[PDB]
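Shown next, in structure tokens, is the structure this report addresses.
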Amino acid sequence: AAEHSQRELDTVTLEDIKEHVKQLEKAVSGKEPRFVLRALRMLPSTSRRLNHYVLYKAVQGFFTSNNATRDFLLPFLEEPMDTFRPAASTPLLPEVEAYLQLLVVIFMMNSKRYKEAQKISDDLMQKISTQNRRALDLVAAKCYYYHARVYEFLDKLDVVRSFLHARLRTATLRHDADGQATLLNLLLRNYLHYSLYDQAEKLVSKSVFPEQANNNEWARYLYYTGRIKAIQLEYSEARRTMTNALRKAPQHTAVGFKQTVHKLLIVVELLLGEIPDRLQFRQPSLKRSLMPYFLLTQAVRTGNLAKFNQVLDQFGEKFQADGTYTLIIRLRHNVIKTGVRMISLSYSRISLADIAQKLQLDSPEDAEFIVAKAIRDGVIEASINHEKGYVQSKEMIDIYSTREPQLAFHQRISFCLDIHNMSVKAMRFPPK
Amino acid sequence: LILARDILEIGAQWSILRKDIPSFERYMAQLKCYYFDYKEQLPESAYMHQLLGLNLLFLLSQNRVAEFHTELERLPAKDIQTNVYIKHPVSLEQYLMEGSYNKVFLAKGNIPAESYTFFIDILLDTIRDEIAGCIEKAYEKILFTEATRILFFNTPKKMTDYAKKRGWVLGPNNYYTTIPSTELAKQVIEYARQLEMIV
Amino acid sequence: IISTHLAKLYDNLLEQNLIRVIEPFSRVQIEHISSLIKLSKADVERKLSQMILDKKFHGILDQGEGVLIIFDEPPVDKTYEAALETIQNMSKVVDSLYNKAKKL
Amino acid sequence: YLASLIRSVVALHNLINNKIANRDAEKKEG
Amino acid sequence: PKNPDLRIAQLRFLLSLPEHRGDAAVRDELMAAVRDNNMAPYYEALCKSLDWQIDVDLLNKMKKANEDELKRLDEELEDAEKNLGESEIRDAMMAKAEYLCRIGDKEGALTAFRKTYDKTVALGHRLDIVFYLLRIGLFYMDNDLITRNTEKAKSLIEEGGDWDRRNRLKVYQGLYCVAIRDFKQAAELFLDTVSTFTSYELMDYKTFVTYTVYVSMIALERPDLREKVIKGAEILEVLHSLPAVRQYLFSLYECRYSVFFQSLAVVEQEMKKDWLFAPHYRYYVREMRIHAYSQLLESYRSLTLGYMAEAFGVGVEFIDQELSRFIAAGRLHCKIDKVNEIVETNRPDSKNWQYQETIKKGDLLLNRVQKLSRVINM
Amino acid sequence: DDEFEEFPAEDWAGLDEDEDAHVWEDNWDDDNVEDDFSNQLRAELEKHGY
Amino acid sequence: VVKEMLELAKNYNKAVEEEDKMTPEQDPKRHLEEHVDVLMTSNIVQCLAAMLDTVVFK
């Protein structure tokens, strides 16, 4: 029973592998890029099954020209005892062999086998460093990604910094797009994993992210640069970038990525004085994970110092587990700024003594200093009057008849005309 | 490596002792190159955290809060609230962040070591000039006496000299649009272009 | 059935008087209009507030200085009422395209 | 805005039809 | 069948400040208990209140005797004969709701009703189980069953006869309430039905009219609610029967805020003891407050806080705090001034609000179109 | 589609019982504390005559 | 023209919904495109002429 169903699943997975190989072969036909991402898109689906039988069948099936590069995976490859070339000795395309080696890499990655995984990944990316074909650039992106992933659970992410830097440059000269973006994101993750935020920031300023990058890669890059600018006091742009990242993240999957981005967005918005909307704290897939961040947010809204301290004491482990402890401390000292933002949002004119009384600041001069500091930033638009005690807010002129809507709607033109231009450029009529 | 680390530590402490800023940066920079990454073999130095907090306070001194927080990220989280040597500069940074300047002035005397006063003084000046900047970007017309009181310029002549130091001036009574049609015409013509000229 | 009808008639007459007065004025003390209409200041203020709220007479009431202001609302807005709706309309269109995207 | 959005959405829809029709022809090539 | 909420919400689930834990309501529940003897309300009564008193089993003895006798009678009438469709089997399950629902539980009754539904053809049985278990899941906090049954009735069952489901919006009084559903829909079907009630099983007419008024004046503040809830005939008649509700409604409509707040406090308190208590009494009294504040702020440009306090009940400082809290929440467009003691309204004109809505909706559409464009053509 | 395994897919413990599992989209203002209404009103006007 | 374009957009949405449940087998789109083109040309011309007038005549 189980053996029969397992065999059918293995056969259908092998058929999908055959189809992917044929698609990669067709990609070089016509001398055009793409048609490889079609095979690479179902990569998680194929990766899910990856039985030993199907992997061995594929290895024996597409490698009629036996060389040593396969004679390394064979020692770890286990064949069925009692239990197909799709068919001459035509030499293998580099993309095809890279693909099959990549699924080997993924299987050995899944089964917690890491050291020989490091070896096979090393032998995989050693060869592709010699090629100069754009068809092998799309596959190279995933190759590097799972190479870094292999080195991650091997706890040697620091070693690969040189290799990723070299491949990133190589992609930069060859005007690579997918490989360049994947390498840049891997480099950013490497820098962050060892808290080298200054190095990551310096790298970001000197490297331009390709606009034609994939949605997932764009989201990852946005999250990484948002974390950079958030731990680098550029809170407003960090929040903007994090929201942009959440927009481009996959909707169905990517639970962990969305959880991390939501946690950081909560902390950044709280630091900015704004209040995150309660809606995100309610989705199932996000609720419990954000539960520690929820009890925190309430305190920020109330300014209850004791509640903040208790939440920190009972959830510091979780906060450090996702690396939000330091930002949370900065928030613990910016709760007052949040309160001042709320006060100035509600009131138009208000005496400083009222500020001190409402915020429990225990001093009118201290409230004066705090509101002056907050209004120095873009936190509050006001105009303090020390002669009397006002915190008079700026007059709200009619935004219409003010050239501001013209500017916004001009940006929206630029965007929509740009979208139309790319859409009409990417029509790609066929030859026959 | 241990002896090189000792050399650089003595160099940095001499640099602060010399009372010179630019050399101090280079000495601590090389020491950071020798401090805490990939080393894993050097014994825990007794001067580790003293100079770590030294560097943090220095970064605070010249308005380098971003670098201050990055270097905070570099060092372990356990010592941030435990080691006094870095507890101090972090504390003044937080008080500066809130705006409790008087708290910073009070805590200027709570240094964990004598090898802190050097840029403690320049940070006491930095908070005052930041106060002045936030004041000018906050108030409308602040009277001279209040500025003298809250700028911590105890000597009124000192306050006046600092007023002359900045373009922010005393004033007489001691109380310190058009339709462009050019660029947006270009924008409209750009829209016209993007409509025409084929794909 | 005669008290109710007469009270309704009195309110109708009060509204008709109040619109047949203040028509000259663009910003008038409620005290002056109370004097002109021979009613209490609080009573006429309540009636004015109710009339504004029911949108039976355009204007606003600045209680801070005890004044009543009169103006009109521009009817140029109509194009946005189309514009906005069209946007939501094509929102649906985009949604449909997403389904076709699921085809590909 | 309005006109652009409409024009942009129409162009995007025209791209969907092409990106579908092309893969239809390619799959038929089968 | 089981009308008076079985007194169980007001029973010992309203302790502390409401304090309702023992009174004549416990007597009413116990008389509803002893007649058609039941042990199902005795689950929690076997745990916390009257846990192991003499009566707890002194009633259980002949209760079990009676229920065993009647279940035996039903089983004999079910096995001896072979009655089809709406039959003695449906009688067994309707009793089983009059029973084990009020003996132990709904689970057996839910199963039996499912079986007879597979056996029956007509539709009132399905509505019967809908309301049976809506009230049971108001006893035991069930909503998924209610919405499943409602979908079954409305989408599929309501293709023969009609005129029945409307009042089963009572769940919609408490489904999406604290944002959109304590009102809007819950009022547009209460209003659509108030003329033709014909559902006295769930609630008496007076209670239905009070619910209708409560949800309508939060659904509709002054968007010509008068055309349906003030000029309304039957609502006006029952309001003639109910002075408190009529005063509470007309005080808001006639801008008599000083008494409107006292009516709202009475409504809050009498609402804190209901099937409607636990869901949204806090929410309703916040929304009505915001509604009255926006009604007063409208038709004004700048209001002295003193005028508000004297005309809106009391509490210059109370009103200041409330306005601060409500502006901080983004509702109640107005800006509050301190010791000058002015409140300025900043409601944008039609053009500015139109522009802001254009920006918002267009940003939504542009993000959608950007995502769509980028996932296509890679 | 990437599953973003580089970020650990934070497991929601053991899908433990939530607060309400209700359908009840609420706001930030529903979590504060309140003390009825009438008490407030009398408590703030008997100082002036109620 | 914007009202006509709204009606055309409703028709376009209705027609596109049919596109899904329809294999390869007046267009509310072509009319939509024509209205869009006339709107953009008219308003672009009017804007540009207006502002050229603002800035050439003092």
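Labels used: A, B, ... for chains in the order of the structure tokens, numbers from 1 for residues in each chain, and numbers from 1 for ligands as shown.
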Practice prompt. Quick one: pick out all alpha helix (DSSP H) residues within region 2-180 of chain B from a backbone DSSP run and write them as a ChimeraX atom specification.
Written response: /B:2-18,21-33,48-61,65-74,84-98,101-107,117-136,144-150,156-165
Tell me, as a PDB file with C-alpha atoms, in the first residue's frame, which residues lie within 12 Å of residue 21 (chain D), counting only C-alpha atoms; anything in the same chain fewer than 3 positions away does not count.
```pdb
ATOM      1  CA  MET A 427       4.493  41.955 -25.319  1.00  0.00           C
ATOM      2  CA  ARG A 428       7.108  39.653 -26.913  1.00  0.00           C
ATOM      3  CA  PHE A 429       5.442  38.396 -30.062  1.00  0.00           C
ATOM      4  CA  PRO A 430       6.600  34.907 -31.079  1.00  0.00           C
TER       5      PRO A 430
ATOM      6  CA  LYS C 100      -6.150  35.514 -15.491  1.00  0.00           C
ATOM      7  CA  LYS C 103      -4.251  31.071 -15.398  1.00  0.00           C
ATOM      8  CA  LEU C 104      -0.688  31.812 -16.441  1.00  0.00           C
TER       9      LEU C 104
ATOM     10  CA  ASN D  14      -3.438  43.467 -23.131  1.00  0.00           C
ATOM     11  CA  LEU D  15      -0.157  42.091 -21.825  1.00  0.00           C
ATOM     12  CA  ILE D  16      -1.966  39.322 -19.932  1.00  0.00           C
ATOM     13  CA  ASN D  17      -3.782  38.237 -23.079  1.00  0.00           C
ATOM     14  CA  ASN D  18      -0.529  38.124 -25.032  1.00  0.00           C
ATOM     15  CA  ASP D  24      -1.110  28.712 -25.560  1.00  0.00           C
ATOM     16  CA  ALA D  25       0.743  28.525 -28.875  1.00  0.00           C
ATOM     17  CA  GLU D  26       3.848  27.129 -27.187  1.00  0.00           C
ATOM     18  CA  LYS D  27       1.863  24.426 -25.383  1.00  0.00           C
ATOM     19  CA  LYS D  28       0.130  23.545 -28.645  1.00  0.00           C
TER      20      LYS D  28
ATOM     21  CA  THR G  23     -11.595  29.979 -24.036  1.00  0.00           C
ATOM     22  CA  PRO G  24     -10.269  31.586 -27.262  1.00  0.00           C
TER      23      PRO G  24
END
```
Practice prompt. Do me a favour and pick out the residues of chain A within 10 Å of chain F, using only C-alpha atoms, as a PyMOL selection string.
Written response: chain A and resi 40-45+145-146+148-149+152-153+186+189+215-217+220+249-250+252-260+275-279+282+284-290+297-298+301-302+322
Can those selected residues be exported to a file as a compact mmCIF listing (two decimals), in the first residue's frame so that it contains N, CA and C atoms?
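Saved result, part-v2.txt, follows:
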```
# COMPACT_ATOMS: atom_id res chain seq x y z
N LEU A 40 12.54 26.47 -12.28
CA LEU A 40 12.97 26.86 -10.95
C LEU A 40 11.82 27.33 -10.07
N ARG A 41 10.66 27.61 -10.65
CA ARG A 41 9.54 28.11 -9.87
C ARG A 41 8.91 27.00 -9.04
N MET A 42 8.78 25.81 -9.63
CA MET A 42 8.31 24.64 -8.91
C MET A 42 9.41 23.99 -8.09
N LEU A 43 10.53 24.67 -7.90
CA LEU A 43 11.62 24.10 -7.11
C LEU A 43 11.21 23.72 -5.70
N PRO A 44 10.45 24.53 -4.94
CA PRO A 44 9.99 24.04 -3.63
C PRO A 44 9.13 22.80 -3.72
N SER A 45 8.27 22.71 -4.74
CA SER A 45 7.40 21.55 -4.87
C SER A 45 8.20 20.28 -5.12
N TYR A 145 22.07 30.74 -3.40
CA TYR A 145 21.14 30.84 -2.28
C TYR A 145 21.19 29.59 -1.41
N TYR A 146 21.05 28.42 -2.02
CA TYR A 146 21.12 27.21 -1.21
C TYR A 146 22.53 26.89 -0.74
N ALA A 148 24.60 29.23 0.47
CA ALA A 148 24.61 29.98 1.72
C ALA A 148 23.72 29.32 2.76
N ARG A 149 22.56 28.81 2.34
CA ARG A 149 21.67 28.12 3.27
C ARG A 149 22.36 26.91 3.89
N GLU A 152 24.63 27.88 6.44
CA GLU A 152 23.97 28.50 7.59
C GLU A 152 23.80 27.49 8.72
N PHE A 153 23.06 26.41 8.48
CA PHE A 153 22.92 25.39 9.52
C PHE A 153 24.24 24.71 9.84
N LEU A 186 22.04 37.80 0.02
CA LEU A 186 22.82 36.87 0.82
C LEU A 186 23.92 37.59 1.58
N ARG A 189 22.36 39.43 4.50
CA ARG A 189 22.05 38.50 5.59
C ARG A 189 23.32 38.08 6.32
N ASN A 215 10.22 39.45 -7.18
CA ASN A 215 9.42 39.98 -6.08
C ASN A 215 9.96 39.54 -4.73
N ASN A 216 10.24 38.24 -4.58
CA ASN A 216 10.73 37.75 -3.30
C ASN A 216 12.07 38.37 -2.95
N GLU A 217 12.96 38.49 -3.93
CA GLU A 217 14.26 39.09 -3.67
C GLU A 217 14.13 40.56 -3.31
N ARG A 220 13.00 40.69 0.28
CA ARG A 220 14.10 40.39 1.20
C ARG A 220 15.05 41.57 1.32
N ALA A 249 5.76 41.00 -0.30
CA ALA A 249 5.94 39.65 0.20
C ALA A 249 4.84 38.74 -0.33
N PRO A 250 5.11 37.44 -0.46
CA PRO A 250 4.06 36.51 -0.89
C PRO A 250 2.91 36.50 0.09
N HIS A 252 0.31 33.97 0.41
CA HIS A 252 -0.04 32.69 1.01
C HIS A 252 1.06 32.20 1.95
N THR A 253 2.27 32.04 1.43
CA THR A 253 3.38 31.47 2.17
C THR A 253 4.18 32.57 2.86
N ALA A 254 5.40 32.23 3.28
CA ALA A 254 6.34 33.17 3.89
C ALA A 254 5.83 33.64 5.25
N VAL A 255 5.38 32.69 6.06
CA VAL A 255 4.86 33.02 7.38
C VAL A 255 5.96 33.60 8.26
N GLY A 256 7.14 32.98 8.25
CA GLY A 256 8.23 33.47 9.08
C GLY A 256 8.73 34.84 8.65
N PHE A 257 8.87 35.04 7.34
CA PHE A 257 9.32 36.34 6.84
C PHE A 257 8.34 37.43 7.23
N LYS A 258 7.05 37.18 7.03
CA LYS A 258 6.05 38.17 7.38
C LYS A 258 6.01 38.41 8.88
N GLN A 259 6.22 37.36 9.67
CA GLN A 259 6.27 37.52 11.12
C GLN A 259 7.41 38.44 11.52
N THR A 260 8.60 38.21 10.97
CA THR A 260 9.75 39.04 11.32
C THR A 260 9.55 40.48 10.87
N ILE A 275 1.13 54.36 16.21
CA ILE A 275 0.59 53.16 16.82
C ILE A 275 0.28 52.16 15.71
N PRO A 276 0.85 50.96 15.75
CA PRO A 276 0.50 49.95 14.75
C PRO A 276 -0.97 49.58 14.84
N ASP A 277 -1.58 49.33 13.69
CA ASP A 277 -3.00 48.98 13.68
C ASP A 277 -3.21 47.62 14.34
N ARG A 278 -4.33 47.49 15.05
CA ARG A 278 -4.63 46.24 15.74
C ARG A 278 -4.91 45.09 14.79
N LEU A 279 -5.16 45.38 13.51
CA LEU A 279 -5.58 44.33 12.59
C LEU A 279 -4.52 43.25 12.45
N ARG A 282 -4.22 40.22 14.77
CA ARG A 282 -5.38 39.36 14.81
C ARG A 282 -5.34 38.20 13.82
N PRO A 284 -4.43 34.75 12.34
CA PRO A 284 -3.99 33.56 13.08
C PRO A 284 -2.50 33.32 12.92
N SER A 285 -2.08 33.20 11.66
CA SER A 285 -0.69 32.92 11.33
C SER A 285 0.27 33.95 11.89
N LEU A 286 -0.22 35.09 12.35
CA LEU A 286 0.61 36.12 12.94
C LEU A 286 0.30 36.41 14.40
N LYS A 287 -0.80 35.88 14.93
CA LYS A 287 -1.28 36.35 16.23
C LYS A 287 -0.31 36.01 17.36
N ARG A 288 -0.13 34.72 17.62
CA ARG A 288 0.63 34.31 18.80
C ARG A 288 2.06 34.83 18.72
N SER A 289 2.66 34.77 17.53
CA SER A 289 4.02 35.28 17.36
C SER A 289 4.11 36.75 17.76
N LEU A 290 3.11 37.54 17.39
CA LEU A 290 3.11 38.95 17.74
C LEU A 290 2.51 39.21 19.11
N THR A 297 2.86 46.87 22.94
CA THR A 297 2.29 48.04 22.28
C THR A 297 1.28 48.73 23.18
N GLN A 298 0.43 47.96 23.84
CA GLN A 298 -0.54 48.53 24.77
C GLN A 298 0.15 49.46 25.76
N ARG A 301 0.97 52.72 24.34
CA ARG A 301 -0.20 53.58 24.22
C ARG A 301 -0.58 54.18 25.57
N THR A 302 -0.37 53.42 26.65
CA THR A 302 -0.74 53.92 27.96
C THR A 302 0.38 54.68 28.63
N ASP A 322 14.58 37.38 18.10
CA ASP A 322 14.43 38.04 16.81
C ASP A 322 15.21 39.34 16.74
```
Could you give me, as a Markdown table, every chain A residue with an atom at most 10 Å from chain E, plus its closest atom pair and distance in Å to one decimal, counting only C-alpha atoms, rows ordered by chain then number?
```
| residue | atom | partner | partner_atom | distance |
| --- | --- | --- | --- | --- |
| A:34 | CA | E:378 | CA | 9.1 |
| A:37 | CA | E:378 | CA | 9.3 |
| A:212 | CA | E:378 | CA | 7.7 |
| A:213 | CA | E:378 | CA | 8.2 |
| A:214 | CA | E:378 | CA | 6.9 |
| A:215 | CA | E:375 | CA | 7.1 |
| A:244 | CA | E:367 | CA | 9.5 |
| A:247 | CA | E:367 | CA | 7.8 |
| A:248 | CA | E:371 | CA | 6.9 |
| A:249 | CA | E:371 | CA | 9.8 |
| A:341 | CA | E:328 | CA | 9.6 |
| A:342 | CA | E:328 | CA | 6.2 |
| A:343 | CA | E:328 | CA | 7.8 |
| A:344 | CA | E:328 | CA | 9.2 |
| A:345 | CA | E:328 | CA | 6.5 |
| A:346 | CA | E:324 | CA | 5.4 |
| A:347 | CA | E:336 | CA | 4.8 |
| A:348 | CA | E:337 | CA | 5.2 |
| A:349 | CA | E:337 | CA | 4.9 |
| A:350 | CA | E:338 | CA | 4.9 |
| A:351 | CA | E:338 | CA | 7.0 |
| A:354 | CA | E:338 | CA | 8.6 |
| A:390 | CA | E:338 | CA | 9.0 |
| A:391 | CA | E:338 | CA | 10.0 |
| A:392 | CA | E:337 | CA | 9.1 |
| A:396 | CA | E:346 | CA | 8.8 |
| A:398 | CA | E:352 | CA | 7.6 |
| A:399 | CA | E:352 | CA | 7.2 |
| A:400 | CA | E:352 | CA | 6.2 |
| A:401 | CA | E:352 | CA | 9.7 |
| A:405 | CA | E:355 | CA | 8.0 |
| A:408 | CA | E:359 | CA | 8.5 |
| A:409 | CA | E:359 | CA | 8.5 |
| A:412 | CA | E:366 | CA | 8.3 |
| A:415 | CA | E:366 | CA | 8.4 |
| A:416 | CA | E:366 | CA | 8.0 |
| A:419 | CA | E:373 | CA | 7.5 |
| A:420 | CA | E:373 | CA | 9.6 |
| A:422 | CA | E:373 | CA | 8.8 |
| A:423 | CA | E:373 | CA | 7.5 |
| A:426 | CA | E:377 | CA | 6.6 |
| A:427 | CA | E:377 | CA | 8.6 |
| A:428 | CA | E:377 | CA | 9.6 |
```
Dump C-alpha atoms for the selected residues as a short mmCIF file (atom, residue, chain, number, x, y, z; two decimals), in the first residue's frame?
```
data_model
loop_
_atom_site.label_atom_id
_atom_site.label_comp_id
_atom_site.auth_asym_id
_atom_site.auth_seq_id
_atom_site.Cartn_x
_atom_site.Cartn_y
_atom_site.Cartn_z
CA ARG A 34 14.05 32.85 -19.16
CA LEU A 37 12.63 30.18 -14.05
CA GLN A 212 14.15 44.01 -12.65
CA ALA A 213 14.69 41.84 -9.58
CA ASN A 214 12.23 39.18 -8.49
CA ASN A 215 9.42 39.98 -6.08
CA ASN A 244 6.96 48.35 1.03
CA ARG A 247 3.45 44.78 0.17
CA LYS A 248 5.74 42.70 -2.06
CA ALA A 249 5.94 39.65 0.20
CA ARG A 341 2.72 63.05 19.54
CA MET A 342 -0.72 61.95 20.70
CA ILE A 343 -1.21 65.11 22.77
CA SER A 344 -0.32 67.37 19.87
CA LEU A 345 -2.52 65.31 17.57
CA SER A 346 -5.51 65.92 19.84
CA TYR A 347 -4.94 69.44 21.16
CA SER A 348 -4.35 72.58 19.11
CA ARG A 349 -3.12 74.95 21.82
CA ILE A 350 -2.11 73.72 25.26
CA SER A 351 -0.17 75.00 28.25
CA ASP A 354 -1.01 70.58 31.09
CA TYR A 390 1.49 77.72 24.42
CA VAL A 391 2.39 74.74 22.28
CA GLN A 392 0.36 76.23 19.41
CA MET A 396 -3.61 73.56 8.69
CA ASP A 398 -6.03 73.84 2.60
CA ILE A 399 -3.94 71.14 0.95
CA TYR A 400 -5.93 71.79 -2.21
CA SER A 401 -4.94 74.89 -4.17
CA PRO A 405 -1.76 67.55 -5.05
CA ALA A 408 1.52 63.77 -5.80
CA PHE A 409 -0.54 63.26 -8.94
CA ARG A 412 1.27 58.90 -9.91
CA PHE A 415 4.22 55.55 -12.22
CA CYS A 416 1.22 54.78 -14.43
CA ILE A 419 3.68 50.79 -16.06
CA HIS A 420 2.03 51.23 -19.45
CA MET A 422 6.80 48.35 -19.58
CA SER A 423 3.56 46.53 -20.32
CA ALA A 426 6.99 43.18 -22.72
CA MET A 427 4.49 41.95 -25.32
CA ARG A 428 7.11 39.65 -26.91
#
```
Practice prompt. Please provide the set of residues having any atom within 10 Å of region 52-66 of chain C, restricted to only C-alpha atoms, with same-chain residues fewer than 4 positions apart removed, written as a ChimeraX atom specification.
Written response: /C:15,18-19,26-32,41,45-48,70-73 /E:222-224,255,295-305,307,340-345
Item to complete: Would you mind listing what lies within 10 Å of region 34-44 of chain E as an MDAnalysis selection string, with only C-alpha atoms counted and same-chain residues fewer than 6 positions away left out?
Response: chainID E and resid 6 8 50:51 56:57 59:60 62:67 98:106 139
Go ahead and write the residues just picked, C-alpha atoms, as an mmCIF file, in the first residue's frame.
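Contents of part-v2.cif, freshly written:
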```
data_model
loop_
_atom_site.group_PDB
_atom_site.id
_atom_site.type_symbol
_atom_site.label_atom_id
_atom_site.label_comp_id
_atom_site.auth_asym_id
_atom_site.auth_seq_id
_atom_site.Cartn_x
_atom_site.Cartn_y
_atom_site.Cartn_z
ATOM 1 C CA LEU E 6 -32.490 30.713 30.598
ATOM 2 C CA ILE E 8 -27.990 32.171 32.796
ATOM 3 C CA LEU E 50 -24.488 25.086 44.351
ATOM 4 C CA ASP E 51 -21.785 22.517 43.681
ATOM 5 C CA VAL E 56 -28.202 19.097 43.304
ATOM 6 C CA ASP E 57 -28.893 15.350 43.262
ATOM 7 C CA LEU E 59 -33.527 16.837 41.741
ATOM 8 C CA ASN E 60 -31.214 14.634 39.674
ATOM 9 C CA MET E 62 -36.426 12.024 39.429
ATOM 10 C CA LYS E 63 -34.905 14.118 36.641
ATOM 11 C CA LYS E 64 -33.003 11.081 35.393
ATOM 12 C CA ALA E 65 -36.111 8.978 35.999
ATOM 13 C CA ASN E 66 -38.280 11.288 33.885
ATOM 14 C CA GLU E 67 -35.757 11.677 31.074
ATOM 15 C CA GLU E 98 -36.535 20.233 25.255
ATOM 16 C CA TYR E 99 -34.549 17.320 26.784
ATOM 17 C CA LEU E 100 -30.790 16.703 26.751
ATOM 18 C CA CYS E 101 -30.169 20.229 25.562
ATOM 19 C CA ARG E 102 -32.012 20.721 28.834
ATOM 20 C CA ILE E 103 -30.811 17.453 30.286
ATOM 21 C CA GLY E 104 -27.151 17.493 29.370
ATOM 22 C CA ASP E 105 -26.216 18.992 26.021
ATOM 23 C CA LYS E 106 -26.831 19.893 22.385
ATOM 24 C CA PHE E 139 -25.243 29.609 26.122
#
```
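For region 175-185 of chain E, the non-local neighbours within 8 Å, defined as residues at least 3 positions apart in the same chain or in other chains and counting only C-alpha atoms, are residues 143, 171, 172, 188, 189, 215, 216, 218, 219, 220, 279, 280, 283 and 284 of chain E; 23, 24, 25, 26 and 27 of chain F.
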Which chain A residues have any atom within 12 Å of an atom of chain G, and for each, what is the nearest pair of atoms with distance in Å to one decimal, counting only C-alpha atoms, rows sorted by chain and number, as a Markdown table?
```
| residue | atom | partner | partner_atom | distance |
| --- | --- | --- | --- | --- |
| A:406 | CA | G:47 | CA | 11.6 |
| A:413 | CA | G:40 | CA | 11.3 |
| A:417 | CA | G:40 | CA | 11.9 |
```
Store the residues picked out above, limited to C-alpha atoms, as a compact mmCIF listing (two decimals), in the first residue's frame.
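Okay, out-v2.txt is ready:
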```
# COMPACT_ATOMS: atom_id res chain seq x y z
CA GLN A 406 -0.14 68.43 -8.36
CA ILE A 413 1.45 59.79 -13.60
CA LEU A 417 2.88 55.86 -17.67
```
Worksheet entry | Contacts of region 5-19 of chain G within 10 Å, only C-alpha atoms, excl. fewer than 4 positions in-chain, as JSON, numbers by chain | {"C": [82, 83, 84, 85, 86, 87, 88, 89, 90, 91, 92, 93, 94, 95, 96, 97, 99, 100], "D": [2, 3, 6, 10, 13, 17], "G": [1, 23, 24, 25, 27, 28, 29, 30, 31, 32, 33, 34, 35, 36, 39]}
Discussion item. Report as an NGL selection string all protein, DNA and RNA residues lying within 12 Å of residue 96 (chain B), evaluated on only C-alpha atoms, omitting residues in the same chain fewer than 2 positions from it.
Written reply: (:A and (330 or 333-334 or 369-370 or 373-374)) or (:B and (60-61 or 63 or 65 or 89-94 or 98-105 or 107 or 123-124 or 126-128 or 130-131))
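Here CA of residue 82 (chain E) is placed at a distance of 21.6 Å from CA of residue 68 (chain E).
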What residues in chain B lie within 7 Å of chain G, counting only C-alpha atoms, written as a PDB file with N, CA and C atoms, in the first residue's frame?
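Below you can see iface19.pdb, which holds the result:
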```
ATOM      1  N   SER B 181       5.065  77.481 -13.310  1.00  0.00           N
ATOM      2  CA  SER B 181       4.708  77.472 -14.725  1.00  0.00           C
ATOM      3  C   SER B 181       5.856  77.068 -15.641  1.00  0.00           C
ATOM      4  N   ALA B 185       5.304  72.912 -16.529  1.00  0.00           N
ATOM      5  CA  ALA B 185       5.115  72.891 -17.974  1.00  0.00           C
ATOM      6  C   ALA B 185       5.989  71.819 -18.610  1.00  0.00           C
ATOM      7  N   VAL B 188       4.293  68.491 -17.999  1.00  0.00           N
ATOM      8  CA  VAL B 188       3.178  68.243 -18.903  1.00  0.00           C
ATOM      9  C   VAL B 188       3.689  67.861 -20.286  1.00  0.00           C
TER      10      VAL B 188
END
```
Worksheet item: Got a sec to tell me which of region 4-100 of chain C DSSP assigns to strand (DSSP E or B), as a PyMOL selection string?
Response: chain C and resi 27-29+60-62+67-69
Output of the above residues as a compact mmCIF listing (two decimals), in the first residue's frame, restricted to C-alpha atoms:
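Saved result, selection.txt, follows:
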```txt
# COMPACT_ATOMS: atom_id res chain seq x y z
CA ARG C 27 -21.26 86.87 9.83
CA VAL C 28 -23.73 88.08 12.46
CA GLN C 29 -23.81 87.94 16.25
CA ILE C 60 -21.91 77.36 10.28
CA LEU C 61 -22.19 78.62 13.84
CA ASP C 62 -19.11 79.91 15.66
CA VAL C 67 -21.53 84.46 15.63
CA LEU C 68 -23.29 82.77 12.74
CA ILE C 69 -21.55 82.50 9.36
```
Item to complete: Counting only C-alpha atoms, collect the residues of chain B whose closest atom lies at most 8 Å from chain A, and write them out as number ranges by chain.
Response: B: 65-67, 69-70, 73-74, 94, 97-100, 131, 134-135, 137-143, 187, 191, 194, 199
Item to complete: Please report as number ranges by chain which residues of chain D come no farther than 8 Å from chain E, using only C-alpha atoms.
Response: D: 9, 12, 16, 19
